[PDB]
Amino acid sequence: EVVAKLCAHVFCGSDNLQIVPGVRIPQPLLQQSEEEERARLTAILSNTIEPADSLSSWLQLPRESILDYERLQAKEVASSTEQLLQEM
């Protein structure tokens, strides 16, 4: 369902998608120039700036889940070091 809700978001779209919150991708034009379209897609990749909260902003999951992931891995590290000190 995660892959389904993502693919339903990335393909269906009419002239504007806005996959990342900053950039919108328009549909290809009538001129049918493939080199011009290649240059347009490369220019659209060059203009972008990766935000700091990209892990929570570009991916639609909330940032509290990110904080939960950091808390769990921090807990695993703190527990293993505490266990190693207690063993010696």
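For the criterion of being in a helix (DSSP H, G or I) and either in contact with a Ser or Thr (Cβ under 6 Å, 6 or more places away or on another chain) or surrounded by 12 or more Cβ atoms within 10 Å (Cβ to Cβ) (or both), residue 76 fails. Residues that are in contact (Cβ under 8 Å) with a residue 12 or more places away in the chain, in a loop (DSSP other than H, G, I, E, B) and surrounded by 10 or more Cβ atoms within 10 Å (Cβ to Cβ) within the stretch 20-59 comprise 20, 21, 22, 23, 25, 48, 51, 58, listed in sequence order.
Can you pull out the residues in the stretch 1-19 that are surrounded by 10 or more Cβ atoms within 10 Å (Cβ to Cβ), of a type in the set (A, V, I, L, M, F, W, C) and part of a loop (DSSP other than H, G, I, E, B)? Result: 17, 19.
Of all residues in the stretch 23-44, which are hydroxyl-bearing (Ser, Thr, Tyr) and closer than 27 Å to residue 58 by Cα? Before the answer, list the steps.
Within the stretch 23-44, the subset hydroxyl-bearing (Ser, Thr, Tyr) is 33, 42.
Within the stretch 23-44, just 42 meets the criteria.
None of the figures in this text is laboratory data; all of them are computed from the coordinates on show. Note that each Cβ is placed from the backbone with ideal geometry, even for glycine, and that neighbours are counted across all protein chains shown.
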